[PDB]
Amino acid sequence: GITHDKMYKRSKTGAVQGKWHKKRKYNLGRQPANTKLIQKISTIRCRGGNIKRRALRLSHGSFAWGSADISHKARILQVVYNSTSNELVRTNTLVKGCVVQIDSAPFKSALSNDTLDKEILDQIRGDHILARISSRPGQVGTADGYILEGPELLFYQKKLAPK
Amino acid sequence: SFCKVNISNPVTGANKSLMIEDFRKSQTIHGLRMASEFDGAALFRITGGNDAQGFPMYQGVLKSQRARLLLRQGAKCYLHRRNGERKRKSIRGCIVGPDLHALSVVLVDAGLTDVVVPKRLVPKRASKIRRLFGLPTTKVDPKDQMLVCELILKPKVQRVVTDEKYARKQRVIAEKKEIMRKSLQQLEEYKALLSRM
Amino acid sequence: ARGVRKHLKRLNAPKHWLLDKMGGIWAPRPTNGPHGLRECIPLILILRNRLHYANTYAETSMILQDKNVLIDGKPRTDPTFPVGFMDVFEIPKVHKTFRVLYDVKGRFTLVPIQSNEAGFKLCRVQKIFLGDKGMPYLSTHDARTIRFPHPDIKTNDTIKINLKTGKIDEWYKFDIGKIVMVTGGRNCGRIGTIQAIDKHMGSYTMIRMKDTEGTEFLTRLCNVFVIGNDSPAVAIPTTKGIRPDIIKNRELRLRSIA
RNA sequence: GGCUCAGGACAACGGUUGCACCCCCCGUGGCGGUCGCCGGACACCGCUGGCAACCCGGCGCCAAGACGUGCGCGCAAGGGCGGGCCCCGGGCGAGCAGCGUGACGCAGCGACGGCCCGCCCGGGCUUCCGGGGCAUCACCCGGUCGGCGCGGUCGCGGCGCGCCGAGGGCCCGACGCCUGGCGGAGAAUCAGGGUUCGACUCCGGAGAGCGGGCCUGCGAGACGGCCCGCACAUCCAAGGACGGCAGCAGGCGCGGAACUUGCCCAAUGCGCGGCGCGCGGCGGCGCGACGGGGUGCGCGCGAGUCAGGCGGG
Ligand SMILES: [K+]
Ligand SMILES: [K+]
Ligand SMILES: [K+]
Ligand SMILES: [K+]
Ligand SMILES: [K+]
Ligand SMILES: [K+]
Ligand SMILES: [K+]
Ligand SMILES: [K+]
Ligand SMILES: [K+]
Ligand SMILES: [K+]
Ligand SMILES: [K+]
Ligand SMILES: [K+]
Ligand SMILES: [K+]
Ligand SMILES: [K+]
Ligand SMILES: [K+]
Ligand SMILES: [K+]
Ligand SMILES: [K+]
Ligand SMILES: [K+]
Ligand SMILES: [K+]
Ligand SMILES: [K+]
Ligand SMILES: [K+]
Ligand SMILES: [K+]
Ligand SMILES: [K+]
Ligand SMILES: [K+]
Ligand SMILES: [K+]
Ligand SMILES: [K+]
Ligand SMILES: [K+]
Ligand SMILES: [K+]
Ligand SMILES: [K+]
Ligand SMILES: [K+]
Ligand SMILES: [K+]
Ligand SMILES: [K+]
Ligand SMILES: [K+]
Ligand SMILES: [K+]
Ligand SMILES: [K+]
Ligand SMILES: [K+]
Ligand SMILES: [K+]
Ligand SMILES: [K+]
Ligand SMILES: [K+]
Ligand SMILES: [K+]
Ligand SMILES: [K+]
Ligand SMILES: [K+]
Ligand SMILES: [K+]
Ligand SMILES: [K+]
Ligand SMILES: [K+]
Ligand SMILES: [K+]
Ligand SMILES: [K+]
Ligand SMILES: [K+]
Ligand SMILES: [K+]
Ligand SMILES: [K+]
Ligand SMILES: [K+]
Ligand SMILES: [K+]
Ligand SMILES: [K+]
Ligand SMILES: [K+]
Ligand SMILES: [Mg+2]
Ligand SMILES: [Mg+2]
Ligand SMILES: [Mg+2]
Ligand SMILES: [Mg+2]
Ligand SMILES: [Mg+2]
Ligand SMILES: [Mg+2]
Ligand SMILES: [Mg+2]
Ligand SMILES: [Mg+2]
Ligand SMILES: [Mg+2]
Ligand SMILES: [Mg+2]
Ligand SMILES: [Mg+2]
Ligand SMILES: [Mg+2]
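Protein chains in written order, with the working numbering: chain A, 285 to 447; chain B, 7 to 203; chain C, 1191 to 1448.
This is the structure in structure tokens:
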């Protein structure tokens, strides 16, 4: 079926290369999960056993505000930005590294301490916080992440500027 | 032939056979599916059948003709030779129509039901002989080696908690504790050693 | 292929087994266990081929079913069990106890040993590593594992193990001037003293040794086994790890038919 | 394990590296802490059937070292913080591996105690050098060369996809075409230097009429497993069912050219432990080829014949 064997590529001088065997089982690939937002995780048997979890339709995650170290479990509300393609944002597909809006309720108990980023407290004062997925949902069936801060936060806030 | 109707009564345990024209016309039985009630005034619940050429009915195909299907190991109408082997086969002569040369039927809620067949085999599991005789399945004298069976090759009760088997299990537990105790002592020795060093 | 190899042609068997090229298409294939395929000997090749206690394969099996053979104190009922360097070989009904070492031609020999010696074993520390919940472990040349080792034991040292408890009672450090024996290569089997250790960043570390007659030789650090501290902790064959030259070997051969 | 050499020329293959990018049954050491004896049902089998034969149907009593659920001192995968701001032991040449701490999660092992860890053999890819002929084949390539991000995989990688740039190779022979092209260890010839061939014994690779696809398993893109298209055959009541000798013998065809449709697991080994095995062994045919001795000597032998040994399953 799908293979990641290199026998089908040209050489580095552009030359066509011949075929000297048929497809081997250990060189197979599978189709991607295309994990949707808003709960199923399928099981995949792999080489030697070694179960892989493959998520479809995740809703929640566990998130960390690293600087003050406030970790809760929160609901992922919307995929807002993706580096690879804007098609992956329009569909709310969950992949590693995409920028999301998560629910502000679990972190409202963190509204009291000052000397805590006002670029995070003002986020909390509303309805959602900007965060980033840090796991591979197709390989482990899970979608967790961290809360953006620093120059990264500003870079993505200008990427989502109302312009 | 025309149609051999294998009736089978499980309330008593008997099996009987009949015949019928079952030709192309009205036949108030036609158009019914497997696991359906009919009123049996011409011969009750259908459970299977073979058509001409002896192809068996298959549940769910929802057709009155034959069909091919990729049957998988564990399913009916197929006996595999290797683990994981599948096979394409032909099935389902009708949802009962004129084609069938045989029908299989069971009787519900009762020529008339007369014979009562004995049960050849007797209960074997240890609990199977305590539900029969109303005995409790919770005591410290569960031995139950009554030997009657009415001399009816089959007994050798299973799942009996004897004395030696009780000792065996207790011994295994008493060693599964010794491992943990010695392991914790060794860990303590090593921690103290690094403390001295 | 599509999976592991279970056969071994006779011409493809290791050359120090001294198998003869007629009398068989096949050779025994050693089972996995304490020793690897190349640096071992199948147990059958000692009982039938060498000592003639058995004379065929089938009657070599029945000796090992009724458990007349102990390896390191345990009865092994498997004819292709891999026995190797430093394994204790004791047959009780004939009262024979041996230690398995190398001779000066890289072949396995059995050295008679006393009942006061067969209760311990020398192992080579192959690696130290952290296992489960961060605990330290050491691994040897026998596929043996020891948890919570004393912090002094480092890699390339040798340890001494009682053969009933399976615990450590002594260790020898790898140093300059230690007595050593080479376990493989082309100086396999001969015994000397370490006089150099040259490390090469990224690559193999070479060891220079010198025999008791003063002959010097070299090999890789993965082939030098410490047998004591200026005195071997065990018994060694009569030749004591001195290798003749081809001329002196020829004169000793001429003298046997003489 | 056995067979073959069709494909494939910066492949494969040979020596030489690496995985701090990996997976691994059995065996041999370890290790073993997990938020009162349960259930019902399947085959063999009984009673009845269908069918030309291939193959199956229905009802019913019955077990487990089979399942399923589980009694238990919390800990499987993945994730956020915990490094030093000339230059440099747990373990390295190399900041690697563990642990702590906040959040998720609830996996695996428990109804005869094993999840897990090291080794071992095996595999996957991978560094450097070697790796056919033709110039009446001089320019070639466009996922082609590099970058960024995700996916997929046992795993790295243009392996795939989106976006960005214009690279990459060449008379030290690229690209294209051809080969009655499997590679090595080796073999034939013979002062020294060379020439020619590498079907077949060992090692490695690839295939099972030709394309593809896949399940079960630690391991297969398996063909003495399954599914489909094509080209060919097989039985048949005409409804259907069904095949793969480049395994061992044997046959047809083709060619200048190549043997018995034998006996046996006694040996050498392999799977389960007592058997199995056309691996392999023993006979048969065999002027391909090798080695030894005769058709006399001055008077004793061999080739045959018949018996007993020895040998041999
Ligand atoms: K594939
Ligand atoms: K494969
Ligand atoms: K199968
Ligand atoms: K092969
Ligand atoms: K395998
Ligand atoms: K195998
Ligand atoms: K051989
Ligand atoms: K041989
Ligand atoms: K051979
Ligand atoms: K073996
Ligand atoms: K052949
Ligand atoms: K070929
Ligand atoms: K295997
Ligand atoms: K390579
Ligand atoms: K290379
Ligand atoms: K290479
Ligand atoms: K090269
Ligand atoms: K040319
Ligand atoms: K492109
Ligand atoms: K890429
Ligand atoms: K692309
Ligand atoms: K481009
Ligand atoms: K050329
Ligand atoms: K050819
Ligand atoms: K010459
Ligand atoms: K020449
Ligand atoms: K020459
Ligand atoms: K010449
Ligand atoms: K040949
Ligand atoms: K071959
Ligand atoms: K070959
Ligand atoms: K070979
Ligand atoms: K081979
Ligand atoms: K091979
Ligand atoms: K081969
Ligand atoms: K192959
Ligand atoms: K082919
Ligand atoms: K084929
Ligand atoms: K084919
Ligand atoms: K094919
Ligand atoms: K195929
Ligand atoms: K494999
Ligand atoms: K395939
Ligand atoms: K295929
Ligand atoms: K045949
Ligand atoms: K052929
Ligand atoms: K034959
Ligand atoms: K002819
Ligand atoms: K002819
Ligand atoms: K045999
Ligand atoms: K096996
Ligand atoms: K044969
Ligand atoms: K004579
Ligand atoms: K004679
Ligand atoms: Mg193939
Ligand atoms: Mg929109
Ligand atoms: Mg199978
Ligand atoms: Mg093979
Ligand atoms: Mg461009
Ligand atoms: Mg060749
Ligand atoms: Mg060849
Ligand atoms: Mg041949
Ligand atoms: Mg095969
Ligand atoms: Mg195939
Ligand atoms: Mg001819
Ligand atoms: Mg002669």
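Beta carbons: idealized from backbone N, C-alpha and C, even for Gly.
Proximal residues to residue i (C-beta, below 8 Å), its chain only, five neighbours per side dropped
i	result
residue 323 of chain A	341, 342, 343
residue 1199 of chain C	1215, 1216, 1217
residue 38 of chain B	44, 52, 101, 102
Of the residues the options, the one placed nearest residue i, counting alpha carbons only
i	options	result
residue 1386 of chain C	C:1373, C:1365, C:1269, C:1404	C:1365
residue 12 of chain B	B:96, B:37, B:107	B:107
residue 1220 of chain C	C:1348, C:1400, C:1272, C:1388	C:1272
residue 109 of chain B	B:27, B:192, B:169	B:27
residue 150 of chain B	B:133, B:158, B:92	B:133
residue 316 of chain A	A:378, A:415, A:413	A:378
residue 1261 of chain C	C:1242, C:1448, C:1228, C:1223	C:1223
residue 146 of chain B	B:154, B:135, B:46, B:167	B:167
residue 1421 of chain C	C:1285, C:1370, C:1279	C:1370
residue 1408 of chain C	C:1392, C:1393, C:1380, C:1429	C:1380
residue 1356 of chain C	C:1313, C:1390, C:1342	C:1313
residue 1253 of chain C	C:1277, C:1278, C:1227, C:1283	C:1283
Sequence-distant residues of its chain with Cβ nearer than 7 Å to residue i (five each side left out)
i	result
residue 1303 of chain C	1287, 1288, 1289, 1425
residue 1281 of chain C	1258, 1259
residue 1427 of chain C	1291, 1293, 1299, 1301
residue 1241 of chain C	none
residue 295 of chain A	301
residue 424 of chain A	337
residue 390 of chain A	356, 357, 358
Contact set between residue i and chain C, taken where Cβ atoms lie within less than 8 Å
i	result
residue 203 of chain B	1341
Per-residue contacts from residue i into chain B (C-beta, under 9 Å)
i	result
residue 1319 of chain C	Those do not exist, as residue 1319 of chain C stays about 16 Å from chain B at its closest Cβ, beyond 9 Å.
Residue i - DSSP class collapsed to helix/strand/coil
i	result
residue 74 of chain B	strand
residue 1213 of chain C	coil
residue 1207 of chain C	helix
residue 439 of chain A	helix
residue 1200 of chain C	helix
residue 182 of chain B	helix
residue 1243 of chain C	coil
residue 1257 of chain C	coil
Cα-Cα separation between residue i and residue j, rounded to whole angstroms
i	j	result
residue 16 of chain B	residue 57 of chain B	24 Å
residue 1205 of chain C	residue 1376 of chain C	13 Å
residue 1345 of chain C	residue 1410 of chain C	15 Å
residue 1418 of chain C	residue 1368 of chain C	7 Å
residue 1440 of chain C	residue 1399 of chain C	26 Å
residue 438 of chain A	residue 330 of chain A	41 Å
residue 1315 of chain C	residue 186 of chain B	27 Å
residue 113 of chain B	residue 125 of chain B	19 Å
residue 1372 of chain C	residue 1297 of chain C	12 Å
Beta-carbon neighbours of residue i, restricted to chain C and to distances below 7 Å
i	result
residue 192 of chain B	1338
residue 196 of chain B	1338
Amino acids of chain C, ordered along the chain, whose beta-carbon sits closer than 9 Å to that of residue i
i	result
residue 172 of chain B	None at all; the shortest Cβ gap to chain C is about 31 Å.
residue 282 of chain B	Coverage of chain B is limited to positions 7 through 203, which leaves residue 282 of chain B absent and any answer about it impossible.
Own chain partners of residue i with C-beta closer than 6 Å, once the 5 adjacent residues on each side are dropped
i	result
residue 346 of chain A	357, 428
residue 67 of chain B	73, 98
residue 1360 of chain C	1350
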